[PDB]
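All chains are named by letter (A, B, ...) in the order of the sequence lines, taking the proteins before the strands, and each is independently numbered beginning at 1. Side chains included, hydrogens not; waters and symmetry mates left out as well; all remaining heavy atoms used. Atoms within each ligand, like the ligands themselves, are counted from 1 in listed order.
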Number of protein chains: 2
Amino acid sequence: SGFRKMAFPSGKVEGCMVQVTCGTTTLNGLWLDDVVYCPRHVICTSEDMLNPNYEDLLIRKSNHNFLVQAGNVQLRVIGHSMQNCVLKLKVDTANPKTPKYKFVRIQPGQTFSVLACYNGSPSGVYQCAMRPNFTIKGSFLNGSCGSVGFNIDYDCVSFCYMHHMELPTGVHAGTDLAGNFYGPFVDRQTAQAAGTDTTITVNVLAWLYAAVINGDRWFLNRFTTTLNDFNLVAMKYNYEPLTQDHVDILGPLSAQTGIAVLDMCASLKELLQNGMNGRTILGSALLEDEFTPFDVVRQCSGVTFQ
Amino acid sequence: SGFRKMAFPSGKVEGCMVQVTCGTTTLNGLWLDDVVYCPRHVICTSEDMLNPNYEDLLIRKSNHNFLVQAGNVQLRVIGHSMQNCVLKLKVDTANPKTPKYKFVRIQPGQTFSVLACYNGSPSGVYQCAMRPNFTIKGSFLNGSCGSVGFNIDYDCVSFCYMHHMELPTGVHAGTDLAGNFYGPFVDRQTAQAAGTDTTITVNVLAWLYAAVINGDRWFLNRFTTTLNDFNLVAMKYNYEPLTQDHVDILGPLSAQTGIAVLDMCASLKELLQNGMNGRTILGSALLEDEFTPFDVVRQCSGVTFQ
Ligand SMILES: *[C@](O)(C(=O)NCCCCCC)[C@H](C[C@@H]1CCNC1=O)NC(=O)[C@@H]1[C@@H]2[C@H](CN1C(=O)[C@@H](NC(=O)NC(C)(C)C)C(C)(C)C)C2(C)C
Ligand SMILES: *[C@](O)(C(=O)NCCCCCC)[C@H](C[C@@H]1CCNC1=O)NC(=O)[C@@H]1[C@@H]2[C@H](CN1C(=O)[C@@H](NC(=O)NC(C)(C)C)C(C)(C)C)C2(C)C
């Protein structure tokens, strides 16, 4: 037993990280087959930086302007193209460590592992959620651009995030691996703010089920609630609406614990209305919302990756 | 910015995990050069299990009794020996993925990454501390024995933990990689209890410094305290004594933030005495004690591994 914020094993992604240097800018790239993916603002400088036109900026570049450093081995760029806000550098060598992979654009509320990197070298791995306001609460210092987020599904790495920038509230914004920002953000220094966030209700419920699976039983009650009456309480506390689809997804966990989803909603209602009164759940004094129903099942049943 | 429970990149350890099967028991082993390390209770059965004599049990074993499965490749055991509570299986093949490594026995309060594994396949990675009572609050299901904990220091993996068992409170006990249990535990089903735990004071202080580095400034105060007067308050709240050595270790963080260590102690004092009053620090409503001073510096300055 026990329940931890668990990341996927990072080895499959570690073997893909490279350093991309252009001009005075150095950041991380992702090397899959013979392509290196990195944020397009690597072609920017200290003054391009306020309102650049990346199409103009890129037409002015030559392949030899791109230093791609794969460990102590230099990779030669033989072509480049821009796809939305990512740059794709064609190199003459296919990454022999390329895992089976997919690029996926995730929905808010879904979680993923982030491999934080500097100068092409991994620093650490941690678990994140895509917040409802399309930011992530990451841990990113200067130089971390191009670090990626990912899930692993049996043997396949599903890349879902590449880091671009930090918002003045200390949260982070980035793109999918096809260069489309999550949320309304743009890779331009103009005023941008995250937008009001909300708590991921279906994930809180999953985590309460995790608690029950692990022996925290104390927040349960005899009551039930309707979805409607629950959602009226959730809105007051800035929680995302719970949909019948969320209820269906929580089915397996409800069946394993014997606690109907709507009964667990009645428990969440009382926790919102009464607080936790100096008690903890799974070692937290807050209601945790960065575990999906799938995360809970994976960790409570022991799914591996090969 | 941002601050997360960060694990080390796990790839160097993923390449060392194997499956060890003997009799009806299957667990994980660690393959370094031509040796596989695993818990000695792999030689146990459903009834050996209450009071085994592992020396007798092992003399009765043959090399061919040990199935070591490295992916879809079987490793032949050519020798075996017991070292305390770990079994060392000599195999005919050296692991080509063997990283630079050391075996280290850590002190309580020190943190490490755990690569949770089942059937030789990694499931997830998370960060732990060795509690003052020599347990760890892990996430371990049946089959996880032989998963290891580790730190990485530039290019060197320092293995510090191998998982053996779960205590009735849902916490975990194990050994160093030389098979010596942390704490008073034994690999025998007899009554054993963790012992009263305490909070790791020097780590809480490190995490408050992390908060200041990241812009949470609110818990600070104008006051100071003596070490003596601080430790009198810490004892009341079941905190470990803070030593002058801890104060010295916190020096760099104190110098970077401009907050004297004893001034941060005065802040911790008021947090213990007053609670947090519905506020959070670094996204937690509890005082966090599983970041060491080194963890904070590493994450707030961006140290990598190559
Ligand atoms: C990222 O570019 C990086 O790691 N680069 C390494 C090389 C030095 C700079 C190259 C451009 C970096 C990651 C940031 C740094 C701190 N935390 C992070 O996550 N991204 C950026 O530097 C992006 C980049 C340029 C600015 N920027 C920022 O993140 C800005 N933030 C904003 O300007 N935000 C608003 C636009 C919303 C106001 C800071 C101030 C944090 C540097 C672009 C946005 C093109
Ligand atoms: C570990 O052996 C394992 O993963 N093995 C896989 C093969 C099946 C059993 C082989 C022995 C397993 C990990 C445990 C399981 C649940 N959580 C874990 O961390 N360890 C054990 O099964 C150890 C092993 C035998 C019992 N045991 C336990 O952990 C016991 N706990 C205790 O008996 N604890 C006291 C001795 C303190 C009472 C449980 C009940 C959790 C199975 C030994 C201790 C030799």
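Side-chain contact between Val18(A) and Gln69(A) is absent, with no heavy-atom pair separated by less than 4.5 Å. The shortest side-chain heavy-atom distance between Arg131(B) and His172(B) does not fall under the 4.5 Å cut-off. A heavy-atom distance below 4.5 Å is not found between the side chains of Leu30(A) and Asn28(A). Under the 4.5 Å side-chain criterion, counting only non-hydrogen atoms from C-beta, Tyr182(A) is in contact with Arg105(A).
Of all atoms in ligand 1, numbered sequentially from 1 with element shown, those under 4.0 Å from a heavy atom of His172(A) are 19 (O). Listed by number with element, the atoms of ligand 1 under 4.0 angstrom from any heavy atom of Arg188(A) are 36 (C). Near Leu167(A), with a cut-off below 4.0 Å to any heavy atom, the atoms of ligand 1 are 37 (C). Near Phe140(A), the atoms of ligand 1 lying under 4.0 angstrom from a non-hydrogen atom of the residue are 17 (N), 19 (O). For ligand 1, the atoms sitting less than 4.0 Å from at least one non-hydrogen atom of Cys145(A) are 1 (C), 2 (O), 3 (C), 4 (O), 5 (N), 12 (C), 13 (C), 20 (N), numbered in the order shown with element in parentheses.
Remark: minimum distance from atom 7 (C) of ligand 1 to any protein heavy atom is reached at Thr26(A) O, 3.1 Å. Of the protein's non-hydrogen atoms, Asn142(B) OD1, 3.2 Å is the one closest to atom 8 (C) of ligand 2. The single protein non-hydrogen atom nearest to atom 19 (O) of ligand 2 is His163(B) NE2, 2.5 Å, given as residue, atom name and distance. Nearest to atom 39 (C) of ligand 1 among the protein's heavy atoms is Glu166(A) O, 4.5 Å.
Residue nearest to atom 38 (C) of ligand 1, selected from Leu50(A), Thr45(A), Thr190(A), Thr169(A): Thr190(A) (by heavy-atom distance). The option from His41(B), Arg40(B), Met49(B) that lies nearest to atom 11 (C) of ligand 2, judged by heavy atoms, is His41(B).
For the residue pair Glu166(B) / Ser1(A), a side-chain donor-acceptor distance below 3.5 Å is found, with atom types taken as modelled. In this structure, a donor-acceptor pair under 3.5 Å is present between the side chains of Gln306(A) and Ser121(B). With hydrogens and angles left out, the side-chain atoms of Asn133(A) and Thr135(A) include a donor and acceptor closer than 3.5 Å. Defined by atom type and a distance below 3.5 Å, a donor-acceptor pair is present between the side-chain atoms of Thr26(B) and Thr21(B). If you check the side chains of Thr175(B) and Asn180(B), you find no donor sitting under 3.5 Å from an acceptor.
The shortest N or O to N or O distance between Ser1(A) and ligand 2 is not under 3.5 Å. The shortest N/O to N/O separation between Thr25(B) and ligand 2 does not fall below 3.5 Å. Of the N or O atoms in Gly143(B), one or more lie within a sub-3.5 Å distance of an N or O in ligand 2. Taking any N or O of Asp187(A), backbone or side chain, none lies under 3.5 Å from an N or O belonging to ligand 1. Considering backbone and side-chain atoms alike, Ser144(A) places an N or O below 3.5 Å from some N or O of ligand 1.
Under the 4.0 Å distance rule, the nearest protein heavy atom to atom 17 (N) of ligand 1 falls inside the cut-off. Taking a distance limit of 4.0 Å, we find that atom 34 (N) of ligand 2 is approached by some protein heavy atom. The nearest protein heavy atom to atom 42 (C) of ligand 2 is not closer than 4.0 Å.
Residue contact check for ligand 2: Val42(B) places no non-hydrogen atom closer than 4.0 Å to it. Within the structure, ligand 2 has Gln189(B) among the residues with a heavy atom less than 4.0 angstrom away. A heavy-atom separation below 4.0 Å is not found between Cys44(B) and ligand 2.
Contact annotation: for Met165(B) versus ligand 2, heavy atoms closer than 4.0 Å belong to both the backbone and the side chain. Using a 4.0 Å cut-off between heavy atoms, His164(B) contacts ligand 2 through its backbone alone, with no side-chain atom that close.
Classified by interplanar angle (parallel below 30°, tilted 30° to 60°, perpendicular above 60°), the ring pair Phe103(B)/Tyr37(B) is perpendicular. Ring geometry, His41(A) versus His164(A): the interplanar angle exceeds 60°, so the pair is classed perpendicular (tilted spans 30 to 60°).
A cation-pi contact links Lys61(A) to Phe66(A), judged by a cut-off of 6.0 Å to the six-membered ring centre and 45° from its axis.
Atom CG of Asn214(A) sits about 12.5 Å away from atom CD1 of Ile281(A), to the nearest 0.5 Å.
Salt-bridge formation is not detected for the pair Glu55(A)/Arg60(A): no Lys NZ or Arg NE/NH1/NH2 atom is positioned less than 4.0 Å from an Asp or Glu carboxylate oxygen.
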